[PDB]
Amino acid sequence: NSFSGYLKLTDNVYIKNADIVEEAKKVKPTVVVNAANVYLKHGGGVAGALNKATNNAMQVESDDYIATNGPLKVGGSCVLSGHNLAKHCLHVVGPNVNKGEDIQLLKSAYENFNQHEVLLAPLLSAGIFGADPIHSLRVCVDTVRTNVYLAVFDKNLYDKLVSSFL
Ligand SMILES: CC(C)[C@H](Nc1ncnc2c1OCCO2)c1ccc2c(c1)S(=O)(=O)CCC2
């Protein structure tokens, strides 16, 4: 967990303008959070990038999880191997508001982070999921009590988040 260049926002929330895959390789954290869907199909965005860095080992393992346990619920999670990126990968399903899923579930999604002392994570539901990224950061700051290091790849978004937070 050798996080470097983070800006401390609150006692337990840190933020950096960085690619989460590159951070995972440099830091080798205990837990890396994946912005997953309920079937753990990592076809793009953060999920696709993390899977591509494991050379599809995350996807094989995810398919085996789904075969045995069935899909996750929106707001839920599961802990799987982190392969070469981390000791564990916490797959968390935020609501896809662009498809009508309730924004209240974003609090339930962030609540999963509380079972891990330290995590490297993306902003949940801020992708193709269509949630307002600044609102997602507010839910994170209000819900997460353990230590979370957020990697936000876009410098324009990072600057807006830091300006909003101050
Ligand atoms: C907002 C965006 C800049 C950010 N992208 C990344 N943030 C950090 N690391 C990355 C990023 O994408 C390339 C790999 O590394 C982001 C954050 C959350 C979500 C997505 C994207 S999504 O994949 O569109 C859907 C799931 C939720």
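Every number in UniProt numbering is 1025 more than the matching position in the sequence shown, counting from 1.
All C-beta atoms, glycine included, are put in the ideal place defined by N, C-alpha and C.
Taking Cβ positions, are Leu1162 and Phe1190 nearer each other than 9 Å?
yes
Alpha carbon to alpha carbon, how far is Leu1110 from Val1056? Give it in angstroms, no decimals.
9 Å
Assuming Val1085 and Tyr1135 make a contact with CB atoms under 8 Å, what is their CB distance in whole Å?
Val1085 to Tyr1135, Cβ: 28 Å. No contact.
Taking 6 Å as the limit between beta carbons, can you name the residues of its chain near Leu1034, skipping five residues before and five after?
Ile1040 and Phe1190
Between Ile1153 and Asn1123, is the Cβ-Cβ spacing less than 9 Å?
yes
Would you check if the region 1123 to 1133 and the region 1059 to 1066 touch, i.e. whether three or more CB-CB distances between them fall below 8 Å?
no
Count the C-beta pairs between the region 1078 to 1093 and the region 1172 to 1186 that are closer than 8 Å, then say yes if the count reaches three, no if not.
no
For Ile1040, report the span of its beta strand (DSSP E) as first-last.
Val1038 to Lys1041
According to DSSP, is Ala1111 part of a helix, a strand, or is it coil?
coil
Alpha carbon to alpha carbon, how far is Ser1106 from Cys1114? Give it in angstroms, no decimals.
6 Å
beta-carbon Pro1147 near ligand 1 non-hydrogen atom, thresh 8 Å:
yes
For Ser1150 and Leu1131, I'd like the C-alpha separation in whole angstroms.
8 Å
Just the C-alpha distance for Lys1112 and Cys1165, rounded to the nearest angstrom, thanks.
23 Å
Using CA atoms only, rank isn't needed, just tell me which of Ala1074, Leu1032, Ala1061 and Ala1060 is closest to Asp1044.
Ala1074
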